[PDB]
file start.txt (compact mmCIF, C-alpha atoms)
# COMPACT_ATOMS: atom_id res chain seq x y z
CA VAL A 6 122.28 112.66 167.87
CA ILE A 7 119.43 111.97 165.45
CA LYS A 8 118.65 115.50 164.25
CA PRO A 9 115.39 116.50 162.53
CA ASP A 10 117.27 116.71 159.22
CA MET A 11 119.72 114.00 158.20
CA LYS A 12 121.75 113.26 155.09
CA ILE A 13 122.02 110.00 153.16
CA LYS A 14 124.87 108.62 151.04
CA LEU A 15 124.68 105.11 149.63
CA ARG A 16 126.29 102.69 147.24
CA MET A 17 124.57 99.50 146.08
CA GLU A 18 126.51 96.75 144.32
CA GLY A 19 124.53 93.82 143.03
CA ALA A 20 123.48 91.49 140.25
CA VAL A 21 120.13 90.22 138.96
CA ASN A 22 120.07 86.88 137.12
CA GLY A 23 123.85 87.16 137.00
CA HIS A 24 123.98 90.63 135.42
CA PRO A 25 126.02 92.94 137.68
CA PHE A 26 125.25 96.59 138.36
CA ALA A 27 126.07 99.41 140.77
CA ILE A 28 124.05 102.41 141.97
CA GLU A 29 125.01 105.45 144.05
CA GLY A 30 122.65 107.87 145.74
CA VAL A 31 122.44 110.99 147.87
CA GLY A 32 119.42 112.12 149.82
CA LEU A 33 117.94 113.69 152.92
CA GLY A 34 115.28 112.63 155.37
CA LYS A 35 113.23 113.58 158.39
CA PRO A 36 113.66 110.91 161.09
CA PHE A 37 110.95 112.37 163.32
CA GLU A 38 108.42 112.91 160.49
CA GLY A 39 109.05 109.54 158.85
CA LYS A 40 109.95 111.18 155.53
CA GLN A 41 112.96 110.68 153.26
CA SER A 42 113.97 111.43 149.69
CA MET A 43 116.99 110.59 147.57
CA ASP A 44 118.41 110.85 144.06
CA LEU A 45 119.76 107.59 142.61
CA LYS A 46 122.12 107.17 139.66
CA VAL A 47 123.18 104.00 137.84
CA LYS A 48 126.98 103.85 137.67
CA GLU A 49 127.55 100.35 136.26
CA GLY A 50 125.43 97.93 134.29
CA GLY A 51 123.08 100.52 132.81
CA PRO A 52 120.51 100.48 131.36
CA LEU A 53 119.25 98.09 134.04
CA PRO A 54 117.65 95.02 132.39
CA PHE A 55 115.19 94.57 135.25
CA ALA A 56 112.40 96.46 136.97
CA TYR A 57 113.77 99.15 139.27
CA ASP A 58 110.92 98.54 141.74
CA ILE A 59 112.66 95.43 143.11
CA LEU A 60 115.46 97.66 144.48
CA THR A 61 113.60 100.57 146.07
CA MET A 62 112.91 98.94 149.45
CA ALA A 63 116.64 98.23 149.75
CA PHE A 64 117.36 101.96 149.28
CA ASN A 68 116.48 102.75 156.87
CA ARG A 69 113.77 102.53 159.54
CA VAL A 70 115.22 105.50 161.46
CA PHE A 71 113.13 107.42 158.90
CA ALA A 72 109.88 106.26 160.48
CA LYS A 73 107.83 108.38 162.87
CA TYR A 74 107.67 106.51 166.19
CA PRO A 75 105.18 107.50 168.91
CA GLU A 76 106.31 107.79 172.51
CA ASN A 77 104.46 104.62 173.58
CA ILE A 78 106.53 102.39 171.23
CA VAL A 79 110.25 101.73 171.66
CA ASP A 80 112.31 103.15 168.78
CA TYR A 81 115.02 100.55 168.16
CA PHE A 82 116.47 102.44 165.20
CA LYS A 83 116.87 105.98 166.53
CA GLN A 84 118.32 104.31 169.64
CA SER A 85 121.03 102.49 167.67
CA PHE A 86 123.19 105.50 166.79
CA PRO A 87 125.87 106.81 166.52
CA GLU A 88 127.12 103.21 166.20
CA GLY A 89 124.34 102.35 163.76
CA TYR A 90 122.94 98.99 162.78
CA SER A 91 122.60 96.57 159.88
CA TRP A 92 119.88 94.39 158.40
CA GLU A 93 119.60 91.31 156.19
CA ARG A 94 116.56 90.57 154.05
CA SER A 95 115.05 87.87 151.83
CA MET A 96 112.36 88.58 149.24
CA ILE A 97 110.53 85.65 147.63
CA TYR A 98 108.32 86.65 144.71
CA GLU A 99 105.26 84.68 143.68
CA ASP A 100 106.79 83.41 140.40
CA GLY A 101 109.98 81.98 141.92
CA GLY A 102 112.02 85.18 141.74
CA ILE A 103 114.16 85.49 144.88
CA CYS A 104 116.21 88.45 146.13
CA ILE A 105 118.46 88.76 149.17
CA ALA A 106 119.93 92.08 150.30
CA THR A 107 121.96 93.55 153.14
CA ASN A 108 122.64 97.10 154.32
CA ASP A 109 125.33 98.26 156.74
CA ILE A 110 124.37 101.69 158.10
CA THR A 111 127.04 103.88 159.75
CA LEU A 112 127.28 107.57 160.63
CA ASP A 113 129.59 110.35 159.43
CA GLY A 114 128.52 113.42 161.38
CA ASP A 115 124.93 114.18 160.34
CA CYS A 116 124.99 111.79 157.36
CA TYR A 117 123.98 108.13 157.11
CA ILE A 118 126.23 105.89 155.01
CA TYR A 119 124.72 102.80 153.36
CA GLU A 120 126.74 99.85 152.03
CA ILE A 121 124.08 97.82 150.20
CA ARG A 122 124.41 94.40 148.56
CA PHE A 123 121.54 93.16 146.37
CA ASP A 124 121.24 89.87 144.47
CA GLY A 125 118.35 88.22 142.66
CA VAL A 126 117.88 85.01 140.67
CA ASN A 127 115.24 82.81 139.04
CA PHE A 128 113.18 85.66 137.59
CA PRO A 129 111.46 84.25 134.47
CA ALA A 130 112.49 85.98 131.26
CA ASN A 131 108.79 86.54 130.48
CA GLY A 132 107.95 87.77 133.98
CA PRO A 133 107.04 91.31 134.97
CA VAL A 134 110.47 92.00 136.49
CA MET A 135 112.65 91.11 133.50
CA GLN A 136 110.16 92.71 131.09
CA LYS A 137 109.78 95.90 133.18
CA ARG A 138 106.01 95.73 133.58
CA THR A 139 105.88 96.94 137.20
CA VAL A 140 104.30 100.26 138.18
CA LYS A 141 104.38 100.91 141.92
CA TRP A 142 104.48 99.33 145.35
CA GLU A 143 101.19 99.26 147.19
CA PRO A 144 101.05 100.60 150.76
CA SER A 145 102.60 97.94 152.98
CA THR A 146 102.33 97.03 156.67
CA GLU A 147 105.57 95.76 158.22
CA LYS A 148 105.12 93.45 161.22
CA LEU A 149 108.01 93.91 163.67
CA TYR A 150 108.65 91.47 166.52
CA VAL A 151 111.49 90.15 168.67
CA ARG A 152 112.35 86.43 168.69
CA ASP A 153 115.18 85.04 170.83
CA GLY A 154 117.20 88.25 171.27
CA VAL A 155 116.82 89.56 167.71
CA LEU A 156 114.59 92.20 166.14
CA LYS A 157 112.93 90.83 163.00
CA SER A 158 110.19 91.90 160.60
CA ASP A 159 107.84 90.20 158.13
CA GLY A 160 106.08 91.60 155.08
CA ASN A 161 103.58 90.59 152.40
CA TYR A 162 104.09 93.23 149.69
CA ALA A 163 102.33 93.73 146.36
CA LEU A 164 103.61 95.32 143.15
CA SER A 165 100.99 96.71 140.78
CA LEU A 166 101.50 95.68 137.15
CA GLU A 167 100.82 97.55 133.92
CA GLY A 168 97.69 96.07 132.40
CA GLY A 169 96.22 95.32 135.81
CA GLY A 170 96.94 92.79 138.53
CA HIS A 171 99.51 92.58 141.30
CA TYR A 172 102.81 90.76 141.85
CA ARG A 173 103.25 89.49 145.39
CA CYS A 174 106.43 89.34 147.45
CA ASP A 175 107.08 87.67 150.82
CA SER A 176 109.80 89.53 152.74
CA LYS A 177 111.70 88.66 155.93
CA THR A 178 114.22 90.98 157.57
CA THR A 179 116.68 90.53 160.44
CA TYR A 180 118.05 93.60 162.23
CA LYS A 181 121.33 93.58 164.16
CA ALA A 182 122.28 96.45 166.45
CA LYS A 183 125.95 97.34 166.84
CA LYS A 184 125.37 98.34 170.49
CA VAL A 185 123.22 97.40 173.47
CA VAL A 186 119.78 98.86 172.71
CA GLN A 187 116.38 98.26 174.29
CA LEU A 188 114.51 95.72 172.19
CA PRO A 189 110.97 96.89 171.33
CA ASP A 190 107.65 95.12 171.67
CA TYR A 191 105.70 93.89 168.67
CA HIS A 192 104.28 96.70 166.52
CA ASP A 193 103.63 97.68 162.91
CA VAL A 194 105.16 100.13 160.47
CA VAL A 195 103.03 101.34 157.55
CA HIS A 196 105.14 102.25 154.51
CA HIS A 197 104.45 104.31 151.40
CA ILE A 198 107.17 104.25 148.71
CA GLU A 199 107.01 105.90 145.30
CA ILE A 200 109.37 106.74 142.46
CA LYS A 201 108.44 110.39 141.95
CA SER A 202 110.54 110.98 138.82
CA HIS A 203 112.90 109.07 136.52
CA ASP A 204 114.42 109.30 133.06
CA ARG A 205 113.47 106.86 130.34
CA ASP A 206 115.88 104.05 131.29
CA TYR A 207 115.90 104.67 135.08
CA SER A 208 119.58 105.59 135.06
CA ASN A 209 118.39 108.52 137.21
CA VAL A 210 115.64 108.08 139.80
CA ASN A 211 114.06 110.25 142.51
CA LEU A 212 112.68 108.08 145.31
CA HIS A 213 110.43 109.08 148.21
CA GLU A 214 109.40 107.06 151.25
CA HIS A 215 107.00 107.64 154.13
CA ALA A 216 106.79 105.41 157.20
CA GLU A 217 104.78 105.56 160.43
CA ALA A 218 104.81 103.08 163.32
CA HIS A 219 101.53 101.86 164.83
CA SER A 220 100.67 99.40 167.59
CA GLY A 221 99.43 95.87 166.99

call {"tool": "encode", "arguments": {"input": "start.txt", "output": "structure tokens"}}
result
Amino acid sequence: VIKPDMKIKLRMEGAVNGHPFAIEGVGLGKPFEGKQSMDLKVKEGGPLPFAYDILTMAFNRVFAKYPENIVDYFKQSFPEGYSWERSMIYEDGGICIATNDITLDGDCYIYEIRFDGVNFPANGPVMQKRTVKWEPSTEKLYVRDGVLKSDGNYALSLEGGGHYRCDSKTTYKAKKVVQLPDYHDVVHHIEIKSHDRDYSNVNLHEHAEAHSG
């Protein structure tokens, strides 16, 4: 029963270059408008010694407006839910892998997120916190064998100009028998709308809309 208003509760446990951390968040979203928003708080490992922007895409494609002509794999996956696994290879050797197990408690999504990154150069934009925002991204979704997957070429804008590229690959796994969709795109807009000085508190907004190839 995906309702027009849904709640979000999440915990992320992770480490970057071996430094552990934990983040908890609460939020709300509009599945049918493709809109979501959440408040995120650092519980362990603060102040984070890395750019927060590498975590935001880990903090649910149900919050994407799907037209009637495209199969909605994500709204179709509940109340059992689904999970995904993701790799993110940055242009300077930095690599992140993350997972999210999404379940349902009434009208509230529950995220169990794991996030790990290594090989970020000490002088790079991530360890030095020189990232600004994610550019608008186009996610390419497709089904290979019997598995829904997605690819992405994302770009982080840097302070002082330039961009920091990231190659992303995601695997989705439904916990029930759902209709697999046909290839299509999802355009994403993600933005930190507010944060305190050390990002121990963050307000994150996301907007997603599915389009055809």

call {"tool": "atom_distance", "arguments": {"input": "start.txt", "atom1": "atom CA of residue A:54", "atom2": "atom CA of residue A:21"}}
result
8.5 Å

call {"tool": "closest_residue", "arguments": {"input": "start.txt", "among": "A:176, A:136, A:41, A:146", "to": "residue A:117", "atoms": "only C-alpha atoms"}}
result
A:41

call {"tool": "atom_distance", "arguments": {"input": "start.txt", "atom1": "atom CA of residue A:215", "atom2": "atom CA of residue A:165"}}
result
18.3 Å

call {"tool": "atom_distance", "arguments": {"input": "start.txt", "atom1": "atom CA of residue A:30", "atom2": "atom CA of residue A:116"}}
result
12.5 Å

call {"tool": "closest_residue", "arguments": {"input": "start.txt", "among": "A:55, A:162, A:123, A:172", "to": "residue A:94", "atoms": "all atoms listed in the file"}}
result
A:123

call {"tool": "closest_residue", "arguments": {"input": "start.txt", "among": "A:53, A:218, A:164, A:194", "to": "residue A:77", "atoms": "only C-alpha atoms"}}
result
A:218

call {"tool": "residues_around", "arguments": {"input": "start.txt", "residues": "residue A:74", "least_positions_apart": "6", "cutoff": "10 Å", "atoms": "all atoms listed in the file", "output": "PyMOL selection string"}}
result
chain A and resi 36-39+80-83+194+216-219

call {"tool": "write_last_selection", "arguments": {"input": "start.txt", "atoms": "C-alpha atoms", "output": "mmCIF file, in the frame of the given file"}}
result
data_model
loop_
_atom_site.group_PDB
_atom_site.id
_atom_site.type_symbol
_atom_site.label_atom_id
_atom_site.label_comp_id
_atom_site.auth_asym_id
_atom_site.auth_seq_id
_atom_site.Cartn_x
_atom_site.Cartn_y
_atom_site.Cartn_z
ATOM 1 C CA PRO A 36 113.660 110.910 161.090
ATOM 2 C CA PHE A 37 110.950 112.370 163.320
ATOM 3 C CA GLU A 38 108.420 112.910 160.490
ATOM 4 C CA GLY A 39 109.050 109.540 158.850
ATOM 5 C CA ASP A 80 112.310 103.150 168.780
ATOM 6 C CA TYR A 81 115.020 100.550 168.160
ATOM 7 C CA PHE A 82 116.470 102.440 165.200
ATOM 8 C CA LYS A 83 116.870 105.980 166.530
ATOM 9 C CA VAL A 194 105.160 100.130 160.470
ATOM 10 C CA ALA A 216 106.790 105.410 157.200
ATOM 11 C CA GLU A 217 104.780 105.560 160.430
ATOM 12 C CA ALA A 218 104.810 103.080 163.320
ATOM 13 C CA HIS A 219 101.530 101.860 164.830
#

call {"tool": "residues_near_point", "arguments": {"input": "start.txt", "point": "(104.5, 95.9, 141.7)", "cutoff": "7 Å", "atoms": "only C-alpha atoms", "output": "count of residues only"}}
result
11

call {"tool": "closest_residue", "arguments": {"input": "start.txt", "among": "A:17, A:121, A:195, A:59", "to": "residue A:102", "atoms": "only C-alpha atoms"}}
result
A:59

call {"tool": "closest_residue", "arguments": {"input": "start.txt", "among": "A:93, A:199, A:99, A:206", "to": "residue A:40", "atoms": "only C-alpha atoms"}}
result
A:199

call {"tool": "closest_residue", "arguments": {"input": "start.txt", "among": "A:87, A:129, A:9, A:19", "to": "residue A:63", "atoms": "only C-alpha atoms"}}
result
A:19

call {"tool": "residues_around", "arguments": {"input": "start.txt", "residues": "residue A:182", "least_positions_apart": "2", "cutoff": "12 Å", "atoms": "all atoms listed in the file", "output": "ChimeraX atom specification"}}
result
/A:81-93,109-111,154-157,179-180,184-188

call {"tool": "write_last_selection", "arguments": {"input": "start.txt", "atoms": "C-alpha atoms", "output": "mmCIF file, keeping the file's coordinate frame"}}
result
data_model
loop_
_atom_site.group_PDB
_atom_site.id
_atom_site.type_symbol
_atom_site.label_atom_id
_atom_site.label_comp_id
_atom_site.auth_asym_id
_atom_site.auth_seq_id
_atom_site.Cartn_x
_atom_site.Cartn_y
_atom_site.Cartn_z
ATOM 1 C CA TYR A 81 115.020 100.550 168.160
ATOM 2 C CA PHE A 82 116.470 102.440 165.200
ATOM 3 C CA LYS A 83 116.870 105.980 166.530
ATOM 4 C CA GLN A 84 118.320 104.310 169.640
ATOM 5 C CA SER A 85 121.030 102.490 167.670
ATOM 6 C CA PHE A 86 123.190 105.500 166.790
ATOM 7 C CA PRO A 87 125.870 106.810 166.520
ATOM 8 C CA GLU A 88 127.120 103.210 166.200
ATOM 9 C CA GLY A 89 124.340 102.350 163.760
ATOM 10 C CA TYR A 90 122.940 98.990 162.780
ATOM 11 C CA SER A 91 122.600 96.570 159.880
ATOM 12 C CA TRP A 92 119.880 94.390 158.400
ATOM 13 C CA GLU A 93 119.600 91.310 156.190
ATOM 14 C CA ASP A 109 125.330 98.260 156.740
ATOM 15 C CA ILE A 110 124.370 101.690 158.100
ATOM 16 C CA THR A 111 127.040 103.880 159.750
ATOM 17 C CA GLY A 154 117.200 88.250 171.270
ATOM 18 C CA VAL A 155 116.820 89.560 167.710
ATOM 19 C CA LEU A 156 114.590 92.200 166.140
ATOM 20 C CA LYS A 157 112.930 90.830 163.000
ATOM 21 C CA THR A 179 116.680 90.530 160.440
ATOM 22 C CA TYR A 180 118.050 93.600 162.230
ATOM 23 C CA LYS A 184 125.370 98.340 170.490
ATOM 24 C CA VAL A 185 123.220 97.400 173.470
ATOM 25 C CA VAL A 186 119.780 98.860 172.710
ATOM 26 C CA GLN A 187 116.380 98.260 174.290
ATOM 27 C CA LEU A 188 114.510 95.720 172.190
#

call {"tool": "residues_around", "arguments": {"input": "start.txt", "residues": "residue A:25", "least_positions_apart": "5", "cutoff": "9 Å", "atoms": "all atoms listed in the file", "output": "VMD selection string"}}
result
chain A and resid 18 to 20 49 to 50 124

call {"tool": "residues_near_point", "arguments": {"input": "start.txt", "point": "(105.0, 85.2, 143.4)", "cutoff": "6 Å", "atoms": "all atoms listed in the file", "output": "compact mmCIF listing (two decimals) with C-alpha atoms, in the coordinates of the input"}}
result
# COMPACT_ATOMS: atom_id res chain seq x y z
CA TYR A 98 108.32 86.65 144.71
CA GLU A 99 105.26 84.68 143.68
CA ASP A 100 106.79 83.41 140.40
CA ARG A 173 103.25 89.49 145.39
CA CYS A 174 106.43 89.34 147.45

call {"tool": "decode", "arguments": {"input": "start.txt", "residues": "stretch 136-174 of chain A", "atoms": "N, CA and C atoms", "output": "short mmCIF file (atom, residue, chain, number, x, y, z; two decimals), in the first residue's frame"}}
result
data_model
loop_
_atom_site.label_atom_id
_atom_site.label_comp_id
_atom_site.auth_asym_id
_atom_site.auth_seq_id
_atom_site.Cartn_x
_atom_site.Cartn_y
_atom_site.Cartn_z
N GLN A 136 39.64 16.17 1.67
CA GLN A 136 39.81 17.57 2.00
C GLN A 136 38.50 18.35 2.01
N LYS A 137 37.37 17.70 1.72
CA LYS A 137 36.06 18.35 1.79
C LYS A 137 35.97 19.54 0.84
N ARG A 138 36.28 19.30 -0.43
CA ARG A 138 36.20 20.36 -1.43
C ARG A 138 35.08 20.13 -2.43
N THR A 139 34.10 19.30 -2.08
CA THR A 139 32.95 19.04 -2.94
C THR A 139 31.81 20.00 -2.61
N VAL A 140 30.99 20.28 -3.62
CA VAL A 140 29.91 21.26 -3.47
C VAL A 140 28.54 20.61 -3.64
N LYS A 141 28.31 19.98 -4.79
CA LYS A 141 26.99 19.44 -5.07
C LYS A 141 27.08 18.40 -6.18
N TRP A 142 26.11 17.49 -6.19
CA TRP A 142 25.96 16.56 -7.30
C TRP A 142 25.23 17.24 -8.45
N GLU A 143 25.74 17.03 -9.66
CA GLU A 143 25.05 17.51 -10.84
C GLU A 143 23.82 16.65 -11.09
N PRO A 144 22.86 17.15 -11.87
CA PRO A 144 21.74 16.30 -12.28
C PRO A 144 22.25 15.07 -13.01
N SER A 145 21.74 13.91 -12.62
CA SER A 145 22.20 12.63 -13.15
C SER A 145 21.07 11.89 -13.85
N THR A 146 21.45 11.09 -14.85
CA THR A 146 20.53 10.21 -15.56
C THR A 146 20.93 8.77 -15.25
N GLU A 147 20.04 8.05 -14.58
CA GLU A 147 20.25 6.64 -14.27
C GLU A 147 19.69 5.77 -15.39
N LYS A 148 20.52 4.87 -15.92
CA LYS A 148 20.10 3.95 -16.97
C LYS A 148 19.72 2.62 -16.32
N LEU A 149 18.44 2.28 -16.35
CA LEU A 149 17.96 1.03 -15.79
C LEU A 149 17.71 0.01 -16.89
N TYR A 150 18.07 -1.24 -16.63
CA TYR A 150 17.92 -2.32 -17.60
C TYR A 150 17.92 -3.64 -16.86
N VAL A 151 17.42 -4.68 -17.53
CA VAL A 151 17.33 -6.02 -16.95
C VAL A 151 18.23 -6.95 -17.75
N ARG A 152 19.16 -7.60 -17.05
CA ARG A 152 20.08 -8.58 -17.62
C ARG A 152 19.93 -9.88 -16.85
N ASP A 153 19.91 -11.00 -17.57
CA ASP A 153 19.54 -12.29 -16.99
C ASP A 153 18.17 -12.07 -16.36
N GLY A 154 17.96 -12.37 -15.09
CA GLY A 154 16.68 -12.05 -14.48
C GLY A 154 16.77 -10.99 -13.40
N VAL A 155 17.67 -10.02 -13.56
CA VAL A 155 18.02 -9.08 -12.50
C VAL A 155 17.88 -7.66 -13.01
N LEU A 156 17.22 -6.81 -12.22
CA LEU A 156 17.19 -5.38 -12.50
C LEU A 156 18.50 -4.75 -12.06
N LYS A 157 19.12 -3.98 -12.95
CA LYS A 157 20.38 -3.31 -12.70
C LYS A 157 20.27 -1.86 -13.16
N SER A 158 21.26 -1.06 -12.79
CA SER A 158 21.32 0.33 -13.24
C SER A 158 22.78 0.77 -13.31
N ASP A 159 23.06 1.67 -14.27
CA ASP A 159 24.37 2.27 -14.44
C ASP A 159 24.27 3.79 -14.30
N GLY A 160 25.37 4.41 -13.91
CA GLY A 160 25.41 5.85 -13.77
C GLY A 160 26.80 6.43 -13.95
N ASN A 161 26.87 7.56 -14.64
CA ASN A 161 28.09 8.37 -14.73
C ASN A 161 27.75 9.71 -14.07
N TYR A 162 28.15 9.86 -12.82
CA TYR A 162 27.81 11.03 -12.01
C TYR A 162 29.00 11.97 -11.89
N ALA A 163 28.70 13.22 -11.56
CA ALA A 163 29.71 14.28 -11.51
C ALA A 163 29.48 15.16 -10.30
N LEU A 164 30.51 15.30 -9.47
CA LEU A 164 30.48 16.18 -8.31
C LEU A 164 31.19 17.48 -8.66
N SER A 165 30.52 18.60 -8.45
CA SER A 165 31.15 19.90 -8.65
C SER A 165 32.09 20.20 -7.49
N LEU A 166 33.24 20.79 -7.80
CA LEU A 166 34.25 21.09 -6.79
C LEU A 166 34.33 22.59 -6.55
N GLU A 167 34.70 22.96 -5.32
CA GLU A 167 34.97 24.36 -5.01
C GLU A 167 36.25 24.80 -5.71
N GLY A 168 36.21 25.95 -6.37
CA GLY A 168 37.30 26.35 -7.22
C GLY A 168 37.17 25.89 -8.65
N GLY A 169 36.01 25.36 -9.03
CA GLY A 169 35.76 24.92 -10.38
C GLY A 169 36.14 23.46 -10.61
N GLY A 170 35.62 22.92 -11.70
CA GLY A 170 35.87 21.55 -12.10
C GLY A 170 34.86 20.58 -11.52
N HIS A 171 34.97 19.33 -11.98
CA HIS A 171 34.06 18.27 -11.57
C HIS A 171 34.85 17.01 -11.26
N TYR A 172 34.23 16.15 -10.46
CA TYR A 172 34.84 14.94 -9.92
C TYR A 172 33.92 13.78 -10.28
N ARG A 173 34.36 12.94 -11.20
CA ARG A 173 33.49 11.96 -11.83
C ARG A 173 33.43 10.66 -11.04
N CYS A 174 32.30 9.96 -11.18
CA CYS A 174 32.04 8.74 -10.44
C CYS A 174 31.25 7.78 -11.31
#
